[PDB]
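To start, the structure itself, in structure tokens.
We number each residue from 1, following the sequence as shown. Hydrogens, waters and symmetry mates are skipped; everything else that's a heavy atom, side chains included, is used.
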Amino acid sequence: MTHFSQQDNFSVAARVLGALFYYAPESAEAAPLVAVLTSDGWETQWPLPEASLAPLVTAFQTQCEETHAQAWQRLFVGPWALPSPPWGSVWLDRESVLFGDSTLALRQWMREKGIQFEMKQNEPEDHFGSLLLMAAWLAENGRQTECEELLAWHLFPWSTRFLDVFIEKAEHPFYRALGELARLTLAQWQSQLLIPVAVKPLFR
Ligand SMILES: [Cl-]
Ligand SMILES: [Cl-]
Ligand SMILES: [Cl-]
């Protein structure tokens, strides 16, 4: 009878994933979490079976010529095209623009729920990382229904496709393993929804 968002380390997992997608690995926000995932022990706390996490433990700790900072810059910043853009409207808007039609639906939904959760200046609300941070924060506030709506309606319709391509093209053991951790985790949560996941055609 307890909602999935209020148990099994939901908000901790959502925050760790959200922060590592949204913040550079050498930042104050993400560095402590890179430390955690590159250390032994995390797999015993993560809300997924240890046997499933075993290959990810090794991968997070694989040394690599390219630094975490360089990989994150390349995957999430630039200067070149991102291998798997982390904003929903790229996948959901027929034209794949930022601040697209799905981004407005998200904004309208947040306004409707009285949600104020502001992130980077000039950036859209539908970044994968900030959606997980917002959902984590909603869960911490006990707002299980809105947490579930956010996931069902504004993240899950496109997040599987984004992670598929992200994992395929990550090209760094740490971010590949991160994508895989996120894919397993989000799929677990999706299986626990009490409302139907939204279903949308994808354009990338
Ligand atoms: Cl490290
Ligand atoms: Cl629009
Ligand atoms: Cl509620």
Residues passing the side-chain contact (heavy atoms from CB on, under 4.5 Å) test with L37, sequence neighbours excluded, are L20, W42, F60, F174, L178, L181
Run the side-chain contact (heavy atoms from CB on, under 4.5 Å) test against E140 and tell me which residues pass, sequence neighbours left out. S11, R15
Is the backbone of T67 close enough, under 3.5 Å, to the side chain of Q70 for a donor and an acceptor to pair up by distance? yes
Going by the rule side-chain hydrogen bond (donor to acceptor under 3.5 Å, both in side chains), which residues pair with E66 if we only count those two or more places apart in sequence or in a different chain? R74
Residues two or more places apart in sequence or in another chain: which of them pass side-chain hydrogen bond (donor to acceptor under 3.5 Å, both in side chains) with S102? none
Please answer whether the main-chain N or O of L193 pairs with a side-chain N or O of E148 as donor and acceptor at a distance below 3.5 Å. no
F76-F166 aromatic ring centre distance below 6.0 Å: yes
Any salt bridge (charged side-chain N to carboxylate O under 4.0 Å, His left out) involving residues 92-112? Give me the pairs, sequence neighbours left out, ordered by first then second residue. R107-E125
With sequence neighbours excluded, what pairs up with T2 under the side-chain contact (heavy atoms from CB on, under 4.5 Å) test? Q6, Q7
Does the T62 side chain pair with the main chain of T58, one donor and one acceptor, at a distance under 3.5 Å? yes
Looking at residues at least two apart in the chain, or sitting in another chain, which of them share a ring-ring contact (aromatic ring centres under 6.0 Å, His included) with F99? none
Residues two or more places apart in sequence or in another chain: which of them pass side-chain hydrogen bond (donor to acceptor under 3.5 Å, both in side chains) with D8? none
Kindly say whether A30 contributes a backbone atom to a donor-acceptor pair with the side chain of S27 at under 3.5 angstrom? yes
Which residue pairs pass the side-chain hydrogen bond (donor to acceptor under 3.5 Å, both in side chains) test with at least one member in residues 179-188, sequence neighbours excluded? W46-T185, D164-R183, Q188-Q192
Residue set satisfying ring-ring contact (aromatic ring centres under 6.0 Å, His included) with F156, at least two apart, ordered chain then number -> none
State which residues pass side-chain hydrogen bond (donor to acceptor under 3.5 Å, both in side chains) with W72; sequence neighbours excluded, sorted by chain then number. none
Considering residues at least two apart in sequence or located in another chain, which fulfil the side-chain contact (heavy atoms from CB on, under 4.5 Å) criterion with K113? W109, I115, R143, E146, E149
Look only at the side chain of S5 and the backbone of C147, and say whether a donor-acceptor pair between them is shorter than 3.5 Å. no
Flag the pair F4 / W189 as yes when their ring centroid distance falls below 6.0 Å, and as no otherwise. no
Would you call the rings of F162 and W91 parallel, tilted or perpendicular if under 30° counts as parallel and over 60° as perpendicular? perpendicular
